[PDB]
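Following: one structure in structure tokens, then a few remarks.
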Amino acid sequence: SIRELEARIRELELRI
Amino acid sequence: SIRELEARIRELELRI
Amino acid sequence: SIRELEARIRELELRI
Ligand code: NA
Ligand code: NA
Ligand code: NA
Ligand SMILES: [Zn+2]
Ligand SMILES: [Zn+2]
Ligand SMILES: [Zn+2]
């Protein structure tokens, strides 16, 4: 679960 | 803790 | 790992 959350934050960061 | 983090990312995603 | 993710979301929130 933690690896999917990490992936979601990375993209948000990337986008933002 | 993981369920609260999931909720926080979902909203960010939603907003963004 | 969860504490680093928490920190990353807090900043995103802060920024956003
Ligand atoms: Na994934
Ligand atoms: Na909640
Ligand atoms: Na840190
Ligand atoms: Zn993706
Ligand atoms: Zn809320
Ligand atoms: Zn920082």
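The chains in the structure tokens are called A, B, ... from first to last as shown; in each chain the residues are counted from 1, and the ligands are counted from 1 in the order shown.
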**Report entry** Counting only C-alpha atoms, chain A residues within 9 Å of chain B, as an MDAnalysis selection string
**Finding:** chainID A and resid 1:2 5 8:9 12 15:16
Is it possible to see chain C as a CSV table (one decimal) with N, CA and C atoms, in the first residue's frame, once it has been laid onto chain B by a least-squares fit on every C-alpha atom in order?
```
chain,number,residue,atom,x,y,z
C,1,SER,N,-2.8,4.7,9.9
C,1,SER,CA,-2.0,5.8,9.5
C,1,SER,C,-2.1,5.9,8.0
C,2,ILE,N,-2.0,4.7,7.4
C,2,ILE,CA,-2.0,4.6,5.9
C,2,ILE,C,-3.4,5.0,5.3
C,3,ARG,N,-4.5,4.8,6.0
C,3,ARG,CA,-5.8,5.2,5.6
C,3,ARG,C,-6.0,6.7,5.6
C,4,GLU,N,-5.3,7.3,6.6
C,4,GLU,CA,-5.5,8.8,6.6
C,4,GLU,C,-4.7,9.5,5.5
C,5,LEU,N,-3.5,8.9,5.2
C,5,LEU,CA,-2.6,9.4,4.2
C,5,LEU,C,-3.3,9.2,2.8
C,6,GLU,N,-3.9,8.0,2.6
C,6,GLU,CA,-4.7,7.8,1.4
C,6,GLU,C,-5.8,8.8,1.2
C,7,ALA,N,-6.5,9.1,2.2
C,7,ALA,CA,-7.5,10.2,2.2
C,7,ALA,C,-6.9,11.5,1.8
C,8,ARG,N,-5.8,11.9,2.4
C,8,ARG,CA,-5.2,13.2,2.1
C,8,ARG,C,-4.7,13.3,0.7
C,9,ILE,N,-4.1,12.2,0.1
C,9,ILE,CA,-3.7,12.3,-1.3
C,9,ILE,C,-5.0,12.3,-2.2
C,10,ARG,N,-6.0,11.5,-1.9
C,10,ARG,CA,-7.2,11.6,-2.8
C,10,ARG,C,-7.7,13.0,-2.9
C,11,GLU,N,-7.8,13.7,-1.8
C,11,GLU,CA,-8.3,15.1,-1.9
C,11,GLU,C,-7.4,16.1,-2.7
C,12,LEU,N,-6.1,15.8,-2.5
C,12,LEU,CA,-5.1,16.7,-3.2
C,12,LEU,C,-5.3,16.5,-4.7
C,13,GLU,N,-5.5,15.2,-5.1
C,13,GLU,CA,-5.7,14.8,-6.5
C,13,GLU,C,-6.9,15.4,-7.0
C,14,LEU,N,-8.0,15.3,-6.2
C,14,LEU,CA,-9.3,15.9,-6.5
C,14,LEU,C,-9.2,17.4,-6.8
C,15,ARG,N,-8.6,18.1,-5.8
C,15,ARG,CA,-8.4,19.6,-5.9
C,15,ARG,C,-7.5,19.9,-7.1
C,16,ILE,N,-6.3,19.3,-7.2
C,16,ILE,CA,-5.4,19.6,-8.3
C,16,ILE,C,-6.0,19.2,-9.6
```
